[PDB]
Structure formats: structure tokens, C-alpha cells
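Shown next as C-alpha cells: one chain only, the form deposited in one PDB entry.
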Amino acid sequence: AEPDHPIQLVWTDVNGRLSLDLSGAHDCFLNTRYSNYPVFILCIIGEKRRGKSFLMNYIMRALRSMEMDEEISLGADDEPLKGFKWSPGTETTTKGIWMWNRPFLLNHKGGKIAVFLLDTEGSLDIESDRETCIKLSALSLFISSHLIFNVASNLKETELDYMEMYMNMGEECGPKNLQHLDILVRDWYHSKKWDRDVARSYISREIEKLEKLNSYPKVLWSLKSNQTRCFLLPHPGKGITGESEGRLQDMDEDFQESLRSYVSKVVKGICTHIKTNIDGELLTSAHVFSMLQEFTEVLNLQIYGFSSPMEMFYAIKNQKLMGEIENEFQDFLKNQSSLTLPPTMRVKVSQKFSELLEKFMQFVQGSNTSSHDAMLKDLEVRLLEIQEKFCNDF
């Protein structure tokens, strides 16, 4: 891995675990040319297949322009788009979390700021375990000093559902600890009315909707805070979504106009979003990896069981059914006469035990046989404990 390429910072394994590259990425942060500079860490997350990597590449152009001339540019109109791997169509491209393997070094107050870029696998891909992508997105949220939440078309149930999940991934991910959040709405319906004042009005209206709900207290906090802003990009047009070199000349003109404005605002805000540690001191490059490591271990400790809404519905109902059957067993035991002889008692209890296993299987919901078996096995061990204790003391 040579300089000026993306490198994979985080990947997930089979067991659902998140692993950091403790060699190449770790070495990227500790380079003595810039390890003591204050850092700005830009991360992008959001739904799959919506130009996240594409956008990070145009930000990279502006950072490289600023690194050279102190000047803001998105390149020449015929420059094809390079950087983080980006690709058209329905197949997903980014997996895990990638970073550019060198910072971009911007002038700031007679020193430098080291700017790091993190590109995350998009959500809603069914070939990826949804909890795994949730953990990846929360790790990006945690480490960011500027987080881009890339949203398709408009804020909907899905985006609010997911960002509420992200901000519940430990106290570290709560909205108060999120330094800066851009809610970037891609493919905005209005190609002419997308400016800063439209976006404030749109968020104010969303807050009205959220104030009526119970579901999204953490997102609501964030949206009401001075740490969250919304930007709107119109649709880029068919010269960008099909087979494309990603060139500025391929862009719909209103998309290019909003893109230039948005990228320029990101770059110009960098000096106001230097990454901070727990205590609020400026964080340097040399301490980012430590933070990544500790919070990755936090995320790998807890298994949530996020799944399809129907699977979680069946899980609630089936867990209620198991508890009902256990209580049924307990009530049956309490109702037995202490004057029954021990051998006759043992038979009666065993028959009830078998009858309740059959009842579980008669009322269990869903069709995942493997999970029915796990649940049945678990019910069986718990009833056996109850039986043993009763028949030994009886």
C-alpha cells in the first residue's frame, strides 16, 4: 500500500466482528510528518448506492486544490473522477470503512490541519448483516468531526430509524457528542429551490413532525441543536447515474451548482470542526487510532439482534410465549398436592413437561426451523431446572 490510494480501515468478519487494520492504517496516523497536527475527520454514511464515494472524491479534489494553492476548485470539466472506488448500478461497491491513506494538509493559523477522509459501506444491502453495517456507521459517527449523513430524496422513516439506532450505540454516539452533522439530501425533487433557506425550512418542518412522536428523541435533539445542518443537492441527471466517467461536464447544471456550493462550505468549515477528545482538547493524528481501537472494542462487546421487522415481531411474540409456558409450568407445580406420593408426582410433572413442549411448538410463530429448535432447546433446559428443583424438594 503506497501513498495516494484508499486503504481499508475497518472490515467485518463472519462472526459479525469489526476488525481494524492495526498495521497500515495505524501507521498512516502516526507518520511523524503530521502526527502532531490537529485533525479534522470527515466521515460519510447512509443508504447504499447513492454517490457517497463519488461525493468524497469531489471533496478530495477540493482538498487537493486547497492544499496546493489555498484555492477552491473541483477540477477541469473533463477530468474523470478518481479516488475512492465508485461504480454505477445496483451492485454495492464500498464494504467496511475505507480511508485515504494520507491526510490532506491545510493551512491554519500558521500551522496545519491534517484532514482525514472515511468512506463507509452504505446501509440497506441485504447481502450484509444489518447489525454489522449499523456498527460500521456508528464507528464512523463516533470518530467524525464532520459527519455527512447521505440521504436519498428526503428524510423518511428509514433514515430516522437508522440514525436513532446509530446514536444509541453507546453513550459515545449520542447527539451531544456528535461534533458536526450534515444531513445531505441527494436527488432533491426541486432543481431550482435547494438553497440554505429551503433546507432550514425543511428541517423546521421535520422537527414539527418529530415533536409529535416518541420514536426519535436523539435525532430530535440533534436537529434542534446548533451542531446539525441540512444541505440539498438536486438530481445529477442520467449522465452521472449511467455509464459515466463522473466528470463535471456529465453533471446536470443545477446539481453541479449545488455540489460546488456544498463542497466549498465543507472545506471552508474545516477550521471550525477540529476533532476533540473526551475533555474537549484538540485531538492530534497520533491519538485518533487509539480512539478507534477502544470504541471498536466497545462495539464488538454488545450483540443487538437487529433483524427484519417481521423477525423481530416473531421474536417478541415467541419470547412472550416461552415466558407464558414457563409460568404455566410454575403454576401447575404450585397447584400440586404435597400429599401425592413422590413417584406418582414425578410422572405427572414429566407429562406436563412434555405437554408444554408440544404447546410451544403448536403456537410458535415464524418458519425459521433452526431458531425454533434453539428456542425449544432453551425452553427445555429452563423447564428441566424447574422440574429438578421441584422433584428433589418434593
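A residue's number is simply how far along the shown sequence it sits, counting from 1. Heads up, when I say rigid core I mean the largest set of C-alphas that superpose within 1.5 Å between the two forms.
There is another form of the same protein, the form deposited in another entry; it is not shown, and what comes next is about it.
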query: CA of residue 288, rigid core aligned, shift of 2 Å or more between the shown form and the other one; finding: no
query: Rigid core fit then residue 39 CA moved by 2 Å or more between the shown form and the other one; finding: no
query: Rigid-core frame, C-alpha of residue 270, shift of 2 angstroms or more between the shown form and the other one; finding: no
query: Direction of Cα pair change residue 166-residue 147 in that other deposited form, magnitude 3 angstroms or more; finding: closer
query: Residue 270 and residue 166, C-alpha gap in that other deposited form relative to this structure (3 Å or more); finding: closer
